[PDB]
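Asker: Using the deposited numbering, read the sequence shown as starting at 1 and increasing by one per residue.
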Amino acid sequence: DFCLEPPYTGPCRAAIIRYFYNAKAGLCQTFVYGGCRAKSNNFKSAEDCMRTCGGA
Numbered sequence: 001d002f003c004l005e006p007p008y009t010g011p012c013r014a015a016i017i018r019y020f021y022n023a024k025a026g027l028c029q030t031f032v033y034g035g036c037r038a039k040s041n042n043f044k045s046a047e048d049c050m051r052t053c054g055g056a
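Shown next as structure tokens:
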């Protein structure tokens with residue numbers, strides 16, 4: 001959801017993108033959010049990706 005599980009790309013709205021953490025394939029990925037409380041996960045670079053689930 002934020003680091004491995006399936007990121008929310010459109011739970012409320014349509015579909016918006018940015019960076020997520022896909023800690024299995026190559027880690028830092030993309031999905032931003034698609035409505036709701038922006039699903040908290042919402043990165044844009046390595047520093048972003050890291051502060052949330054990269055180096056926590």
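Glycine included, every Cβ here is placed at the ideal spot set by N, Cα and C.
1. Quick one: give me the first and last residue of the alpha helix (DSSP H) that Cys49 is part of.
2. Would you tell me roughly how many angstroms separate the C-alpha atoms of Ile17 and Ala56, rounded to the nearest one?
3. Please say whether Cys49 and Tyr19 have beta carbons closer to each other than 7 Å?
4. Using the Cα positions of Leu27 and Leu4, report the straight-line distance between them to the nearest angstrom.
5. Count the other C-beta atoms from every protein chain shown that fall within 10 angstroms of the C-beta of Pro7, then say buried if there are 16 or more, exposed otherwise.
Answerer: For this structure:
1. 46 to 49
2. 23 Å
3. yes
4. 8 Å
5. buried
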